[PDB]
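So the structure is just underneath, and the comments pick up after that.
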Amino acid sequence: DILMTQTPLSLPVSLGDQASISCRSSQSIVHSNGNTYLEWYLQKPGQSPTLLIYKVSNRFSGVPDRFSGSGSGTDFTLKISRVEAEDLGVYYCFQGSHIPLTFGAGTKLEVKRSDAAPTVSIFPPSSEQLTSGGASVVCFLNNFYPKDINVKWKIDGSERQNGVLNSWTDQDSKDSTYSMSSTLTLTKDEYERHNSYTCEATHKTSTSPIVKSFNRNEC
Amino acid sequence: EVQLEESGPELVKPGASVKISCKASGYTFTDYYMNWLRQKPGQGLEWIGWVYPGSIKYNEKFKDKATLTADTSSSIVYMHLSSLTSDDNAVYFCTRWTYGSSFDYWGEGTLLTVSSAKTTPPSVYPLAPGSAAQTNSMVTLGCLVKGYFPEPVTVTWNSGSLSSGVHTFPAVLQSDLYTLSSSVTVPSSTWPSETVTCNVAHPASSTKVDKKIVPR
């Protein structure tokens, strides 16, 4: 199959400035007829993809002239001369020269903003949950930027990976930050066999992880 | 009005098969191929195959999973997906294509969820700080909404009054059931002096839970 590699996978942009997204194919997508059936689609959350550009550089009807495509052979670019709010979404390049038809993995256009360290909160299990025999320890890592973050749970100083579930918000429309929840779920019995619970967040905004913890035998 | 109208969302049990339709209107049905595409959540589009009368092509990856049929009389095509698993949880799109053109019109997508879960209301657990968080300008509270099915759940705080500082996280699957959390950050002034409650509604079970967040 022709693998379609898009770069970057996430492209922070400021409104009004230009954005370029690259799509490279693992082989030439010049068809035998000499056309290059490289297309770009934009998908907004919850909506069908929309055709932007076909045959490398042609705008589909209704696509404003701020979108242009270029490239040849295996290297293709979609350029947006002036990003507008409505352009935020996921862009996919697509090749229709070869079967199977293949798409790139998508480049999400996101809003750039200043870096923001996460506000990290850790929560011991509620007493209610403990009564049910479960113990979820929750760590919120709120309002950070950029989106790349690594969370690590430590229980009595040892990394714990099983039972961890993370969820990430999309970029906040108000402040362009991201938030994440990380929940470590244990049985009440396992929970009660450990003392210290630590949510550790590594984010570009500090050189050292942000550490929140609590001791079960404290309050 | 060219339109591709797909069938509605499906919740089916593992092992079951589902038949999703894509009805075409406003153009000459036999002038276009219908292509089907999968998009798993948070991932890209994958081509499944096309269906056209006398020409059905599958992506090798889907050859054993999908069967495409076309009913030209009614200008509808179908994708049958068999022996479903949660790996098949996806939105499926149809789109049309013809020579010299591209995927210009698309169906709205059909979401498939494969689960053996029964409708289960959420357990809602208040998340109050362990009380070293009793010092900053802002306090963050949360509600853990655990063990529900199906989606969605709606979370509000103080019945929508607290709109600012709220983060409701996408649900994740944890033993066939969804878990979601929501956080709200409020001024230390306002909690615990004022009540804060997360209001969780789960329409599928007609259940609402209003959990007051009280200090531990």
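In the structure tokens, the first chain shown is A, the next is B, and so on; residue numbers restart at 1 for each chain, and ligands run from 1 in the order shown.
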* Asked: Would you list which chain B residues are within 8 Å of chain A using only C-alpha atoms, as a ChimeraX atom specification?
  -> /B:43-47,59-60,93,102-109,125-132,140,167-172,181,183,216
For the selection just defined, write its residues with N, CA, C and O atoms to a file, as a short mmCIF file (atom, residue, chain, number, x, y, z; two decimals), in the first residue's frame.
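Listing of result00.cif after writing:
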```cif
data_model
loop_
_atom_site.label_atom_id
_atom_site.label_comp_id
_atom_site.auth_asym_id
_atom_site.auth_seq_id
_atom_site.Cartn_x
_atom_site.Cartn_y
_atom_site.Cartn_z
N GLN B 43 -8.59 8.68 15.06
CA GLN B 43 -7.70 8.16 14.04
C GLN B 43 -8.19 8.61 12.70
O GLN B 43 -9.20 9.30 12.60
N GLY B 44 -7.45 8.22 11.68
CA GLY B 44 -7.71 8.67 10.35
C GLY B 44 -8.74 7.80 9.67
O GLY B 44 -9.31 6.86 10.26
N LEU B 45 -8.97 8.14 8.42
CA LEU B 45 -9.89 7.48 7.58
C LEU B 45 -9.23 6.30 6.92
O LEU B 45 -8.08 6.38 6.56
N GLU B 46 -9.97 5.21 6.84
CA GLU B 46 -9.50 4.01 6.21
C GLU B 46 -10.49 3.66 5.17
O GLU B 46 -11.66 3.63 5.42
N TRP B 47 -10.03 3.32 3.99
CA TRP B 47 -10.92 2.95 2.95
C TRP B 47 -11.28 1.48 3.12
O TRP B 47 -10.40 0.62 3.25
N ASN B 59 -10.78 -3.13 0.27
CA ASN B 59 -9.49 -3.03 0.83
C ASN B 59 -9.23 -4.42 1.41
O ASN B 59 -10.08 -4.99 2.07
N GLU B 60 -8.07 -4.97 1.16
CA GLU B 60 -7.76 -6.33 1.63
C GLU B 60 -8.04 -6.48 3.11
O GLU B 60 -8.46 -7.53 3.60
N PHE B 93 -18.43 5.99 7.00
CA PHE B 93 -18.89 6.97 6.07
C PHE B 93 -19.05 6.31 4.76
O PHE B 93 -18.24 5.46 4.36
N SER B 102 -13.77 13.22 -7.29
CA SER B 102 -13.24 12.84 -6.00
C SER B 102 -14.42 12.61 -5.07
O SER B 102 -15.60 12.64 -5.47
N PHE B 103 -14.11 12.36 -3.81
CA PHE B 103 -15.13 12.12 -2.82
C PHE B 103 -15.74 13.42 -2.47
O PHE B 103 -15.36 14.04 -1.51
N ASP B 104 -16.69 13.86 -3.25
CA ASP B 104 -17.20 15.20 -3.09
C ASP B 104 -18.36 15.32 -2.11
O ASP B 104 -18.53 16.35 -1.49
N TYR B 105 -19.19 14.28 -2.04
CA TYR B 105 -20.31 14.29 -1.14
C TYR B 105 -20.14 13.09 -0.27
O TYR B 105 -19.79 12.05 -0.75
N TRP B 106 -20.46 13.26 1.00
CA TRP B 106 -20.30 12.24 1.95
C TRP B 106 -21.57 12.05 2.72
O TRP B 106 -22.32 13.00 2.92
N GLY B 107 -21.80 10.82 3.18
CA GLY B 107 -22.83 10.61 4.18
C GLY B 107 -22.43 11.22 5.50
O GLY B 107 -21.29 11.66 5.68
N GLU B 108 -23.37 11.28 6.43
CA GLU B 108 -23.13 11.96 7.69
C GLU B 108 -22.33 11.09 8.67
O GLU B 108 -21.98 11.53 9.73
N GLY B 109 -22.11 9.85 8.30
CA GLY B 109 -21.44 8.91 9.14
C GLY B 109 -22.45 8.12 9.92
O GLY B 109 -23.54 8.60 10.27
N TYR B 125 -19.14 9.76 42.00
CA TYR B 125 -18.39 9.91 43.19
C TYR B 125 -17.87 11.33 43.24
O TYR B 125 -17.28 11.79 42.29
N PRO B 126 -18.08 12.00 44.36
CA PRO B 126 -17.53 13.33 44.52
C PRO B 126 -16.01 13.26 44.76
O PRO B 126 -15.53 12.38 45.47
N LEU B 127 -15.29 14.19 44.17
CA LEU B 127 -13.85 14.28 44.34
C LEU B 127 -13.55 15.58 45.05
O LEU B 127 -13.61 16.64 44.46
N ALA B 128 -13.27 15.47 46.32
CA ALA B 128 -12.94 16.61 47.16
C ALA B 128 -11.46 16.48 47.49
O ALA B 128 -10.95 15.38 47.61
N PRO B 129 -10.77 17.60 47.60
CA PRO B 129 -9.35 17.52 47.91
C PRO B 129 -9.06 16.85 49.26
O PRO B 129 -9.89 16.91 50.18
N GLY B 130 -7.88 16.25 49.37
CA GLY B 130 -7.38 15.67 50.62
C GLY B 130 -6.92 16.70 51.64
O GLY B 130 -6.15 16.37 52.55
N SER B 131 -7.35 17.96 51.48
CA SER B 131 -7.28 18.99 52.55
C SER B 131 -5.92 19.65 52.81
O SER B 131 -5.81 20.46 53.75
N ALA B 132 -4.90 19.30 52.03
CA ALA B 132 -3.72 20.18 51.86
C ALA B 132 -4.07 21.20 50.77
O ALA B 132 -3.59 22.34 50.77
N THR B 140 -9.85 22.94 43.11
CA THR B 140 -10.39 22.11 42.09
C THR B 140 -11.12 20.97 42.76
O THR B 140 -10.59 20.31 43.67
N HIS B 167 -14.05 21.26 33.31
CA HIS B 167 -13.49 20.37 32.30
C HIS B 167 -14.15 19.08 32.48
O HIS B 167 -14.14 18.53 33.55
N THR B 168 -14.80 18.62 31.44
CA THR B 168 -15.43 17.36 31.45
C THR B 168 -14.67 16.54 30.45
O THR B 168 -14.49 16.91 29.32
N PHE B 169 -14.16 15.43 30.92
CA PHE B 169 -13.25 14.69 30.11
C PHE B 169 -13.99 13.68 29.30
O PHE B 169 -15.01 13.17 29.75
N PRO B 170 -13.47 13.38 28.12
CA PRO B 170 -14.12 12.33 27.37
C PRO B 170 -14.12 11.04 28.13
O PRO B 170 -13.16 10.73 28.82
N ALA B 171 -15.20 10.28 27.96
CA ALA B 171 -15.38 8.99 28.60
C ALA B 171 -14.40 7.98 28.07
O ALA B 171 -14.00 8.03 26.91
N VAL B 172 -13.97 7.08 28.92
CA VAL B 172 -13.13 5.97 28.46
C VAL B 172 -13.78 4.67 28.92
O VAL B 172 -14.50 4.65 29.89
N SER B 181 -14.76 11.81 34.00
CA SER B 181 -14.64 12.69 35.14
C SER B 181 -14.88 14.10 34.67
O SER B 181 -14.83 14.43 33.49
N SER B 183 -14.06 18.16 36.27
CA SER B 183 -13.48 18.98 37.28
C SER B 183 -14.03 20.37 37.13
O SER B 183 -14.49 20.75 36.07
N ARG B 216 -13.77 16.26 52.84
CA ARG B 216 -13.59 14.85 53.24
C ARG B 216 -13.68 14.59 54.76
O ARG B 216 -12.90 15.13 55.54
#
```
* Filtered DSSP result for segment 12-211 of chain B, state strand (DSSP E), as a VMD selection string -> chain B and resid 12 18 to 25 33 to 39 45 to 52 55 to 58 66 to 71 76 to 81 90 to 97 110 to 114 123 to 127 138 to 148 154 to 157 166 to 168 172 to 174 177 to 187 196 to 202 207 to 211
Neighbour list for residue 63 of chain B as a PDB file with N, CA and C atoms, in the first residue's frame, cut-off 10 Å, only C-alpha atoms, skip fewer than 6 positions in-chain:
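out01.pdb, written as the output of this step:
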```pdb
ATOM      1  N   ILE B  48     -12.575   1.206   3.062  1.00  0.00           N
ATOM      2  CA  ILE B  48     -13.105  -0.136   3.142  1.00  0.00           C
ATOM      3  C   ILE B  48     -13.261  -0.756   1.758  1.00  0.00           C
ATOM      4  N   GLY B  49     -13.904  -0.067   0.848  1.00  0.00           N
ATOM      5  CA  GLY B  49     -14.149  -0.601  -0.459  1.00  0.00           C
ATOM      6  C   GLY B  49     -15.099   0.279  -1.188  1.00  0.00           C
ATOM      7  N   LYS B  57     -15.109  -3.549  -4.798  1.00  0.00           N
ATOM      8  CA  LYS B  57     -13.719  -3.736  -4.497  1.00  0.00           C
ATOM      9  C   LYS B  57     -13.560  -3.512  -3.037  1.00  0.00           C
TER      10      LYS B  57
END
```
* Structure fact -> Using only C-alpha atoms, the best pick from A:211, A:201, A:11, A:63 as closest to residue 89 of chain A would be A:11
Between segment 93-118 of chain B and segment 65-82 of chain B, at 12 Å or less, what are the per-residue closest atom pairs and their distances in Å? Count only C-alpha atoms, order by chain and rising residue number, and return it as a Markdown table.
```
| residue | atom | partner | partner_atom | distance |
| --- | --- | --- | --- | --- |
| B:93 | CA | B:79 | CA | 10.2 |
| B:94 | CA | B:77 | CA | 9.1 |
| B:95 | CA | B:77 | CA | 10.8 |
| B:96 | CA | B:77 | CA | 10.9 |
| B:107 | CA | B:77 | CA | 11.7 |
| B:110 | CA | B:79 | CA | 11.0 |
| B:112 | CA | B:81 | CA | 10.2 |
| B:114 | CA | B:82 | CA | 11.3 |
```
* To do: Excluding residue 86 of chain A and any residue of its chain fewer than 5 positions from it, enumerate the residues within 12 Å of it, using only C-alpha atoms, and give them as an MDAnalysis selection string.
  => chainID A and resid 15:16 42:45 63:64 80 109:111
* Contacts of residue 145 of chain A at 10 Å or less, counting only C-alpha atoms, minus same-chain residues fewer than 4 places along, as a VMD selection string? -> chain A and resid 112 to 118 149 171 175 to 179 203 to 205
Same residues, N, CA and C atoms, saved as a PDB file, in the first residue's frame:
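Contents of result-v1.pdb, as written:
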```pdb
ATOM      1  N   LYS A 112      -2.297  28.109  18.597  1.00  0.00           N
ATOM      2  CA  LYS A 112      -1.098  28.366  19.341  1.00  0.00           C
ATOM      3  C   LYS A 112      -1.395  29.346  20.443  1.00  0.00           C
ATOM      4  N   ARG A 113      -0.743  29.148  21.571  1.00  0.00           N
ATOM      5  CA  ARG A 113      -0.849  30.061  22.682  1.00  0.00           C
ATOM      6  C   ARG A 113       0.438  29.927  23.497  1.00  0.00           C
ATOM      7  N   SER A 114       0.606  30.751  24.530  1.00  0.00           N
ATOM      8  CA  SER A 114       1.810  30.663  25.317  1.00  0.00           C
ATOM      9  C   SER A 114       1.783  29.377  26.130  1.00  0.00           C
ATOM     10  N   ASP A 115       2.948  28.869  26.425  1.00  0.00           N
ATOM     11  CA  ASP A 115       3.027  27.692  27.246  1.00  0.00           C
ATOM     12  C   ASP A 115       2.366  27.950  28.582  1.00  0.00           C
ATOM     13  N   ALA A 116       1.760  26.915  29.130  1.00  0.00           N
ATOM     14  CA  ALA A 116       1.034  27.019  30.387  1.00  0.00           C
ATOM     15  C   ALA A 116       1.280  25.711  31.111  1.00  0.00           C
ATOM     16  N   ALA A 117       1.786  25.817  32.317  1.00  0.00           N
ATOM     17  CA  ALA A 117       2.037  24.645  33.117  1.00  0.00           C
ATOM     18  C   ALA A 117       0.696  24.101  33.567  1.00  0.00           C
ATOM     19  N   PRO A 118       0.582  22.793  33.703  1.00  0.00           N
ATOM     20  CA  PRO A 118      -0.658  22.229  34.184  1.00  0.00           C
ATOM     21  C   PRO A 118      -0.877  22.541  35.635  1.00  0.00           C
ATOM     22  N   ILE A 149       2.115  15.887  27.198  1.00  0.00           N
ATOM     23  CA  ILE A 149       2.308  15.773  28.607  1.00  0.00           C
ATOM     24  C   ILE A 149       2.452  14.309  28.918  1.00  0.00           C
ATOM     25  N   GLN A 171      -8.623  20.965  22.662  1.00  0.00           N
ATOM     26  CA  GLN A 171      -8.207  22.270  23.024  1.00  0.00           C
ATOM     27  C   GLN A 171      -9.396  23.109  23.439  1.00  0.00           C
ATOM     28  N   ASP A 175      -9.477  29.232  26.229  1.00  0.00           N
ATOM     29  CA  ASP A 175      -8.121  29.600  26.525  1.00  0.00           C
ATOM     30  C   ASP A 175      -7.075  28.793  25.803  1.00  0.00           C
ATOM     31  N   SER A 176      -7.498  27.907  24.907  1.00  0.00           N
ATOM     32  CA  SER A 176      -6.600  27.191  24.021  1.00  0.00           C
ATOM     33  C   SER A 176      -5.715  26.227  24.759  1.00  0.00           C
ATOM     34  N   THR A 177      -6.053  25.932  26.017  1.00  0.00           N
ATOM     35  CA  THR A 177      -5.305  24.940  26.757  1.00  0.00           C
ATOM     36  C   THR A 177      -5.927  23.589  26.582  1.00  0.00           C
ATOM     37  N   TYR A 178      -5.197  22.617  27.108  1.00  0.00           N
ATOM     38  CA  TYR A 178      -5.600  21.252  27.174  1.00  0.00           C
ATOM     39  C   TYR A 178      -5.671  20.851  28.607  1.00  0.00           C
ATOM     40  N   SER A 179      -6.487  19.841  28.853  1.00  0.00           N
ATOM     41  CA  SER A 179      -6.545  19.262  30.181  1.00  0.00           C
ATOM     42  C   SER A 179      -6.595  17.780  29.979  1.00  0.00           C
ATOM     43  N   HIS A 203       6.006  17.958  31.690  1.00  0.00           N
ATOM     44  CA  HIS A 203       5.511  18.868  30.717  1.00  0.00           C
ATOM     45  C   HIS A 203       6.654  19.810  30.399  1.00  0.00           C
ATOM     46  N   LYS A 204       6.650  20.311  29.174  1.00  0.00           N
ATOM     47  CA  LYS A 204       7.753  21.109  28.704  1.00  0.00           C
ATOM     48  C   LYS A 204       7.967  22.366  29.544  1.00  0.00           C
ATOM     49  N   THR A 205       6.959  22.791  30.276  1.00  0.00           N
ATOM     50  CA  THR A 205       7.037  24.020  31.004  1.00  0.00           C
ATOM     51  C   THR A 205       7.932  23.919  32.236  1.00  0.00           C
TER      52      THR A 205
END
```
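What separates atom CA of residue 133 of chain B from atom CA of residue 212 of chain A is a distance of 10.5 Å.
Across the structure, atom CA of residue 116 of chain B and atom CA of residue 13 of chain B are spaced 5.0 Å apart.
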* To do: Please run DSSP on the backbone and report, as JSON, numbers by chain, all residues within segment 79-191 of chain B that come out as helix (DSSP H, G or I).
  => {"B": [86, 87, 88, 158, 159, 160]}
Save out the residues we just selected, N, CA and C atoms, as a PDB file, in the first residue's frame.
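Contents of again.pdb, freshly written:
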```pdb
ATOM      1  N   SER B  86     -15.211  -4.902  19.468  1.00  0.00           N
ATOM      2  CA  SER B  86     -15.061  -3.494  19.798  1.00  0.00           C
ATOM      3  C   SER B  86     -13.994  -2.870  18.922  1.00  0.00           C
ATOM      4  N   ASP B  87     -13.178  -3.688  18.257  1.00  0.00           N
ATOM      5  CA  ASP B  87     -12.252  -3.124  17.292  1.00  0.00           C
ATOM      6  C   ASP B  87     -13.008  -2.474  16.173  1.00  0.00           C
ATOM      7  N   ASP B  88     -14.278  -2.824  15.988  1.00  0.00           N
ATOM      8  CA  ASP B  88     -15.037  -2.244  14.912  1.00  0.00           C
ATOM      9  C   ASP B  88     -15.766  -0.971  15.288  1.00  0.00           C
ATOM     10  N   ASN B 158     -23.519  22.713  39.665  1.00  0.00           N
ATOM     11  CA  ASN B 158     -24.530  23.594  40.210  1.00  0.00           C
ATOM     12  C   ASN B 158     -25.562  23.904  39.138  1.00  0.00           C
ATOM     13  N   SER B 159     -25.995  22.835  38.466  1.00  0.00           N
ATOM     14  CA  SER B 159     -27.045  22.880  37.460  1.00  0.00           C
ATOM     15  C   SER B 159     -26.757  23.820  36.295  1.00  0.00           C
ATOM     16  N   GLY B 160     -25.482  24.011  35.959  1.00  0.00           N
ATOM     17  CA  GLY B 160     -25.113  24.892  34.845  1.00  0.00           C
ATOM     18  C   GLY B 160     -24.617  26.260  35.258  1.00  0.00           C
TER      19      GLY B 160
END
```
